[PDB]
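The chain below stands alone and is given as structure tokens, in the form deposited in one PDB entry.
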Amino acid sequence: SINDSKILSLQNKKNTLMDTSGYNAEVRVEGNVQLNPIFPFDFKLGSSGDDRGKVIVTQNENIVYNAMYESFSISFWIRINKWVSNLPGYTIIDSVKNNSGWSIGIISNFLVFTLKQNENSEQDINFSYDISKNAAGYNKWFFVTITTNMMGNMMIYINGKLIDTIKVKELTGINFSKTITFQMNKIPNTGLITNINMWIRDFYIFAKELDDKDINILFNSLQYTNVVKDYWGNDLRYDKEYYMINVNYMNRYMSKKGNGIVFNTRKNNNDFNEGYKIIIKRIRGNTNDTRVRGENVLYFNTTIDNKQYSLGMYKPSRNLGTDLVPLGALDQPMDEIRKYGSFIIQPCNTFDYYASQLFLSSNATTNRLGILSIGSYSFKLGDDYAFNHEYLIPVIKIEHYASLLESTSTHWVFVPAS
């Protein structure tokens, strides 16, 4: 519908970056640019070195002319790896020719869109990620939508949510370039506190100011909502080591004491690589292509010493509560996993994270019996003898959980160990 205004559609088809909008803009790829052979077919760039990746898109002057000076929108999926809060300045997507045009860049924890009228004046809008929520860096995939009305407002959205909006000032003289260059270029004197990577996918430009309904419709149509995602936004897969973390306890890694799985405080935040890892194993599903999907039935394996256990319920040293059963690491055969350690997963994404929900499966079927949560309880594990100890553990609220159904403490994330 809004497709009518799509004037640039930068995509990877037949393994070649090209404008598929119909206006055959010219796409010249230079240096180290890696194209992904499988969805999302993203292309990877880097602040590499001499021959760093560089995608050049030269378009039609007439098209630009009859569009940019009124209203237009830019949308695309982007991922920057190791986007730390004290990151130095970088221009990533640029469309400025003679000190005029528009540019998109990053600095510290900001993604900023600048409308440059000349080398003396510009106006900009930006998004700044919550640092406290992304201490390990904002390294997830996210969708950007920048809508500009030269007679109205400049608005920026992140994953379909309006982030900021300012009234565009008089920038007469501003002259848009019919050229856009993708390349990570360091801006001198922006605090160089050290080599990052960036992936882009489906870079669009519309000759109209897209509104909410439109932005979000585009947003969704660009993804397979039934494919659960890992913490960074890539497709979640079976047979791969991941660090399983609960959304409410991001500073906790997985450990074990006896039959139970206990959660310990991680050392620091520059990483998520601490403690034991899990491997998701598929039991039932529609598609069989390695991607974890909506109603799939699965179990979790984990190698601890030189032995591998599976996650399942277990009787605690004492009852922890009504309809509450702990989840631990058990060396059990498959019949035992169907009864005590099988889960039906459901994707659960929010503006803040790519997470999932896990329901206790009944005999490895899609019949739910409870939800998976976390909490601290007092009982004994391993060689706990004389006293009872508080252990933050993965717990299942069995029959009645309509309330937890709404809690972030049932939101599970998976960071790839890689």
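Residue numbers run from 1 along the displayed sequence.
Here the subject shifts to the form deposited with a partner chain bound, a form of this protein not shown in this document.
Visitor: Is residue 404 one of the residues lying within 4.5 Å of the partner chain in the deposited bound form, judged by heavy atom distances?
Guide: Looking in the deposited bound form, residue contacts with the partner chain do not include residue 404, since no heavy atom lies within 4.5 Å.
Visitor: Find out whether any non-hydrogen atom of residue 319 is located within 4.5 angstroms of the partner chain in the deposited bound form, and reply yes or no.
Guide: Answer yes; at least one heavy atom of residue 319 falls within 4.5 Å of the partner chain in the deposited bound form.
Visitor: Does the 4.5 Å heavy atom contact test between residue 339 and the partner chain in the deposited bound form come out positive?
Guide: Yes, contact at 4.5 Å.
Visitor: Do residue 380 and the partner chain come within 4.5 Å of each other in the deposited bound form, heavy atoms counted?
Guide: So residue 380 does not count as contacting the partner chain.
Visitor: Of 211, 271, 130, 323, which residue is found within 4.5 angstroms of the partner chain in the deposited bound form when only non-hydrogen atoms are counted?
Guide: Answer to the contact question: 323.
Visitor: Using a 4.5 Å cut on heavy atoms, which of 368, 389, 52, 44 is close to the partner chain in the deposited bound form?
Guide: Checking each option against the partner chain in the deposited bound form, the one that comes within 4.5 Å is 368.
Visitor: Which of 215-223, 273-281, 309-317, 93-101 has heavy atoms within 4.5 Å of the partner chain in the deposited bound form?
Guide: Heavy atoms within 4.5 Å of the partner chain in the deposited bound form occur in 309-317.
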